[PDB]
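Student: Once you've had a glance at the structure underneath, I'll fire off some questions.
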Amino acid sequence: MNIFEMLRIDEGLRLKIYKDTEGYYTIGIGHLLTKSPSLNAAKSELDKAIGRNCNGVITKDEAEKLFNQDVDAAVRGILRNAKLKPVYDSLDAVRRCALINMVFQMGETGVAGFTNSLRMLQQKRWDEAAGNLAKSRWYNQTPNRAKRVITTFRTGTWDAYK
Ligand SMILES: [Cl-]
Ligand SMILES: [Cl-]
């Protein structure tokens, strides 16, 4: 199991514009297009992103290309962030994937806001961090996905995805 297989399980694959769990315009493998309410604002963002007139539809290949960018952007953003980098460096390979997963979903700023949970991960207090992380809107909004990520951090194994 690797980061890609993990996110693909969590986000799914859709070749046509759709609305995410929060009502936003998305495509492919969890690629947010716009928080605006317009479908047209989404269709324009999409074409800017692909470099063609897509009219709201893309190929698998295009979806993958976007996914490669997003994962890379997520890893670079963690490494660049003063709050996140130290956490990432203190972690083992499995737990590292769990932090990337959060960052891809919620953005660097959002994750950087879980101060307390971040401090406990850095301290290796697995049970207590799992417990604090569950106390969030994130967990209340997408419970099955958050539980998967949380188990990843508690255990250090790929059990939830298996
Ligand atoms: Cl809460
Ligand atoms: Cl969920």
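So you can find residues: chains in the structure tokens are A, B, ... in the order shown, residues in each start at 1, and ligands are numbered from 1 in order.
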Using only C-alpha atoms, determine which residues lie at most 9 Å from range 41-47 of chain A, disregarding the query and same-chain residues fewer than 5 positions distant; provide the list as a PyMOL selection string.

Tutor: chain A and resi 17+25-27+33-36+52-57

Student: Wanna dump the chain A-ligand 1 contacts at 6 Å for me, each residue with its shortest atom pair and the distance in Å to one decimal, counting only C-alpha atoms and all ligand atoms, ordered by chain and number, as a tab-separated table?

Tutor:
residue	atom	partner	partner_atom_place_in_ligand_line	distance
A:135	CA	ligand 1	1 (Cl)	3.7
A:136	CA	ligand 1	1 (Cl)	4.1
A:137	CA	ligand 1	1 (Cl)	5.9

Student: Let's have the selection written as a CSV table (one decimal), in the first residue's frame, with C-alpha atoms.

Tutor:
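Below is the file again-v4.csv, written as the result:
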chain,number,residue,atom,x,y,z
A,135,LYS,CA,-12.8,16.0,18.3
A,136,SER,CA,-13.1,18.1,15.2
A,137,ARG,CA,-15.5,19.0,12.5

Student: Between A:67, A:138, A:126, A:88, which has the minimum distance to ligand 2 (counting only C-alpha atoms and all ligand atoms)?

Tutor: A:138

Student: Check every protein, DNA and RNA residue against ligand 2, keep those with an atom at most 6 Å away (counting only C-alpha atoms and all ligand atoms), and present them as JSON, numbers by chain.

Tutor: {"A": [142, 143, 144, 145]}

Student: If you take only C-alpha atoms and a cut-off of 7 Å, which residues of range 112-161 of chain A touch range 90-104 of chain A, and what are their nearest atom pairs and distances in Å to one decimal, in chain and number order, as a tab-separated table?

Tutor:
residue	atom	partner	partner_atom	distance
A:122	CA	A:90	CA	6.1
A:149	CA	A:98	CA	5.7
A:152	CA	A:98	CA	6.3
A:153	CA	A:95	CA	5.3
A:156	CA	A:94	CA	5.6
A:157	CA	A:94	CA	6.3

Student: May I have the residues from that selection written out with N, CA, C and O atoms, as a PDB file, in the first residue's frame?

Tutor:
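To be explicit, this is the file written out as result00.pdb:
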ATOM      1  N   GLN A 122       4.084  14.420  17.510  1.00  0.00           N
ATOM      2  CA  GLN A 122       5.470  14.589  17.639  1.00  0.00           C
ATOM      3  C   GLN A 122       5.997  13.882  18.888  1.00  0.00           C
ATOM      4  O   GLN A 122       7.080  13.308  18.861  1.00  0.00           O
ATOM      5  N   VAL A 149      -7.915   7.275   8.722  1.00  0.00           N
ATOM      6  CA  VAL A 149      -6.676   8.088   8.935  1.00  0.00           C
ATOM      7  C   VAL A 149      -6.204   8.034  10.369  1.00  0.00           C
ATOM      8  O   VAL A 149      -5.041   7.827  10.709  1.00  0.00           O
ATOM      9  N   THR A 152      -4.680   4.787  11.215  1.00  0.00           N
ATOM     10  CA  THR A 152      -3.343   4.786  10.631  1.00  0.00           C
ATOM     11  C   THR A 152      -2.295   5.393  11.602  1.00  0.00           C
ATOM     12  O   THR A 152      -1.166   4.857  11.875  1.00  0.00           O
ATOM     13  N   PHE A 153      -2.700   6.524  12.183  1.00  0.00           N
ATOM     14  CA  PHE A 153      -1.835   7.221  13.129  1.00  0.00           C
ATOM     15  C   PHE A 153      -1.714   6.470  14.448  1.00  0.00           C
ATOM     16  O   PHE A 153      -0.674   6.501  15.103  1.00  0.00           O
ATOM     17  N   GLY A 156       0.160   2.707  13.164  1.00  0.00           N
ATOM     18  CA  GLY A 156       1.367   2.720  12.364  1.00  0.00           C
ATOM     19  C   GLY A 156       1.345   1.603  11.314  1.00  0.00           C
ATOM     20  O   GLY A 156       2.352   1.261  10.698  1.00  0.00           O
ATOM     21  N   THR A 157       0.173   1.047  11.049  1.00  0.00           N
ATOM     22  CA  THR A 157       0.043  -0.007  10.030  1.00  0.00           C
ATOM     23  C   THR A 157      -1.038   0.379   8.991  1.00  0.00           C
ATOM     24  O   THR A 157      -1.748   1.348   9.157  1.00  0.00           O
TER      25      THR A 157
END

Student: Using only C-alpha atoms, which of A:60, A:119, A:19, A:148 sits nearest residue 6 in chain A?

Tutor: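 Closest to residue 6 in chain A, using only C-alpha atoms: A:148.
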
Student: Mind checking DSSP for range 41-127 of chain A and telling me the alpha helix (DSSP H) residues as a ChimeraX atom specification?

Tutor: /A:41-50,60-80,84-90,93-112,115-122,126-127

Student: With a distance cut-off of 9 Å and only C-alpha atoms, select the neighbouring residues of residue 79 in chain A, excluding the residue or stretch itself and same-chain residues fewer than 6 positions from it, and output the selection as an MDAnalysis selection string.

Tutor: chainID A and resid 85:86 88:89

Student: Identify which of the residues A:106, A:141, A:80, A:155 lies closest to residue 129 in chain A, counting only C-alpha atoms when measuring atom-to-atom distances.

Tutor: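 Answer, going by the shortest atom-to-atom distance: A:155.
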
Student: My list of candidates is A:30, A:23, A:107, A:113. Which is closest to residue 9 in chain A when distances are computed with only C-alpha atoms?

Tutor: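 Nearest to residue 9 in chain A: A:30.
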